[PDB]
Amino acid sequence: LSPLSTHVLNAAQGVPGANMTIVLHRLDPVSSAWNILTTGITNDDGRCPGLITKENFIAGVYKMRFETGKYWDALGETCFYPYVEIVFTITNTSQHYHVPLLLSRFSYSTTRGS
């Protein structure tokens, strides 16, 4: 079980954001590059298990990219945000981090969970 999870909730329709692409990155501490770790597609419950193994979950800066524009477009609607990136700092590597996305066409939010 991954130590990083996520959950996308469509707040306009009160349903899981199914079938959204999520790309996970870690900053290289040497150069300022973002290495891609994993790309995933949210399931019917709007989750994306297997984002990262415990072995590879080292301290550092991480970035989750949600393809919000493509998700809305596939539903036949435009989004103000073509994509959303959440950048967060991992320091204590023994905790579970939950990094969700709540989204309408014109707003979104995230909160760190456990």
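Residue positions are given as counts along the sequence shown, with the first one as 1.
- Stretches 66-74 and 29-37 differ in mean C-alpha B factor, with the higher average recorded for 29-37.
- A summary of the deposited B-factors shows that, of 103-111 and 2-10, the stretch with the larger mean C-alpha value is 2-10.
- The deposited CA B-factor of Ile86 belongs to the lowest third of values across its chain.
- Residue-level temperature factors show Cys79 in the middle third of its chain, judged at the C-alpha atom.
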